[PDB]
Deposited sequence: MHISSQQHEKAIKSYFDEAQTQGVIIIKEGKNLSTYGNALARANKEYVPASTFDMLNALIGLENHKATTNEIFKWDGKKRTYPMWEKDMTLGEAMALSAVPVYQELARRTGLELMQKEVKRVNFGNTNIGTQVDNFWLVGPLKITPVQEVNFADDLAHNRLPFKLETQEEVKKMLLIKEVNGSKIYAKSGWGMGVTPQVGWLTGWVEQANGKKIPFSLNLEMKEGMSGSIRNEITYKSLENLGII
């Protein structure tokens, strides 16, 4: 309570500074959006969503009966960039591992025409998926701002997106990444590799009392960084604000 806003802002900036990155973290409490970090002007800039799009890919695929939550997506036997992708998995496992080939298969099942209609219907980011159904979230043309990502997280956390309640609950169950005291953190990461590289961690804290506090971390990744810096800055920021 007694910590100054000047102190909170300095502390959260220092987490991005110490990571040798440029970034923001947007926190929403009710309808109020607060922008913190060491590069505040990133808040209304467009970036590819990268693997954060898996949240909406999963919602679209489940709602349109392109998969079930127990369905096992078989590994095709081909070598992957990541050896942990060389296995058969559900959408939920794919969400935790960020197994791009599973979300590419799901996107192909949905198909371009339905995917473009659904992305337009949800009003996600710039809403433009272009002509390639299996990589539009990774290389463009789809883009989104950190403000738009925190607002998407707020919509999903409160079941406000235009999908069935059951569809939204199914995808939320796939996004639990941490429990701290009685808090649960739901989030999806992204890393647009191949300069400048974008890193994301977008989600919400569900506090003990039931309050949901959405957030979106957006930062420049560089060759040599650990992906876990996204988690570390996010957790330090939320702890600094007493959200966790």
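According to the record, no C-alpha positions are given for deposited positions 195 alone, numbered from 1.
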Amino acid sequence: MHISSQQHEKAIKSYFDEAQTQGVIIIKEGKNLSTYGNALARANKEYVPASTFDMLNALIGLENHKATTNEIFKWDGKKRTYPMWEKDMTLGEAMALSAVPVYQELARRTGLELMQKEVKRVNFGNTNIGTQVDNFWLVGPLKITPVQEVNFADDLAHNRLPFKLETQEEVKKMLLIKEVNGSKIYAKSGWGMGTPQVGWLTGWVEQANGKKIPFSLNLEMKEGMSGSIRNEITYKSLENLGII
From here on, numbers count along this sequence of modelled residues.
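As the entry records it, the average C-alpha temperature factor is higher for 175-183, out of 27-35 and 175-183. Look at the C-alpha B-factors of 219-227 and of 10-18. On average they run higher in 219-227. Across the residues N57, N44, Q197, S189, the deposited record lists the maximum Cα B factor for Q197. As recorded in the PDB entry, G130 shows the highest C-alpha B-factor of the residues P101, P146, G130, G77. For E118, the recorded CA B-factor ranks within the middle third of the chain. Only modelled residues enter the ranking. In the PDB entry, a CA B factor belonging to the middle third of its chain's modelled residues is recorded for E169. When the CA B factors of the chain's modelled residues are split into thirds, the value for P214 lands in the middle one. Looking at the C-alpha B-factors along this chain, the one for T52 belongs to the lowest third. The PDB entry assigns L97 a C-alpha temperature factor belonging to the middle third of its chain's modelled residues.
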